[PDB]
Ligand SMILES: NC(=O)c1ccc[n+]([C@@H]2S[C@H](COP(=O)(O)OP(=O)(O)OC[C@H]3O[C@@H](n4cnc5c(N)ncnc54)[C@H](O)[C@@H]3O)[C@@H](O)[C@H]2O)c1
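Before any questions on binding or motion, here is one chain by itself as structure tokens, the form deposited without the named molecule.
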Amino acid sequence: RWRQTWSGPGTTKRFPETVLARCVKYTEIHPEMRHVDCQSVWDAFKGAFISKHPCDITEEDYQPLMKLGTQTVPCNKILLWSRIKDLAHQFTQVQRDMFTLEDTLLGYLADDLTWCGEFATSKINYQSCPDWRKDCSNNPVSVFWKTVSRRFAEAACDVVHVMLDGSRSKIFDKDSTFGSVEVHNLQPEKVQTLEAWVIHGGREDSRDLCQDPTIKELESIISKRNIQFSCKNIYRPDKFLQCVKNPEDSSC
């Protein structure tokens, strides 16, 4: 209609079918999750937000889902990212040099989807869903991501990489999920170093963005956790990707 209860997009069309089909597909590829019952996954997922006011969702609502989707990826090969989705995923698709959150089952099930329910009825809302800004932050989508990204950062160890969008004006941004959750969930007992790869946009001959003020801030923030900091410009993202796929032939 012309009004809409909430200001964000409604649940993605086909959401139940999509999530079940992703679970089936993921548990076909990944032998360590080949024990998972996909219908039980869907039910645990749907139970977190059906018949619940979509501005009252808690991390508890998602605990049965997080249990069924329990998974360990190698803790020393984690790739976090911020505002540079495409290249982080492309990079991990190549030879599985690292794992992002969206290469875990739970991140895989939800990537790029929206969903909410209603306090009123047991139906899925396919017309609109709370916006984190205009409506409430404790909505099904934002809660889910906050919870699974905390857990994924908490699991990381050794050297943890992060890819940042060097086009952004705030290359490290305290308001992003990386700056507000993941970075404050790297464990000081386990993480030796965080290494940022700052991805350069197009043409420029370009500044050394590892000296950017927000990078120096990130550096001094993670030093209180007793984590070392390293930073690398990626000047040419498509030649980066090229070298990643053609390991050897080291023109570089």
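In case it trips you up, residue 1 is the first one in the sequence shown, and so on.
Higher mean CA B-factor, judged across 188 to 196 and 220 to 228 from the recorded values: 220 to 228.
Comparing 76 to 84 with 169 to 177, the higher mean C-alpha B-factor in the PDB entry belongs to 169 to 177. Of the candidates 100, 139, 121, 149, it is 121 whose Cα B-factor is highest according to the PDB record. Reading the B-factor column for the CA atoms of 58, 206, 63, 51 in the entry, the top value corresponds to 206. Residue 46: CA B factor in the lowest third of modelled residues in this chain (values from the PDB entry). Among the modelled residues of its chain, residue 210 has a C-alpha B-factor that falls in the highest third according to the deposited record.
Annotation for residue 95: C-alpha temperature factor in the highest third relative to the rest of the modelled chain, per the entry. Compared with the other modelled residues of the chain, the Cα B-factor recorded for residue 18 ranks in the lowest third. Per the deposited record, the Cα B-factor of residue 134 falls in the highest third when ranked against the other modelled residues of its chain.
Keep in mind that the form deposited with the named molecule bound is not shown, yet the notes after this line are about it.
Across the proposed site, 15, 49 and 126 without exception lack any heavy atom within 4.5 Å of the named molecule in the deposited complex.
Residue contact check for residue 177: one or more of its heavy atoms lie within 4.5 Å of the named molecule in the deposited complex. Residue contact check for residue 83: one or more of its heavy atoms lie within 4.5 Å of the named molecule in the deposited complex. The named molecule in the deposited complex is not approached by residue 118, whose heavy atoms all lie more than 4.5 angstroms from it. In the deposited complex, no heavy atom of residue 71 sits within 4.5 Å of the named molecule.
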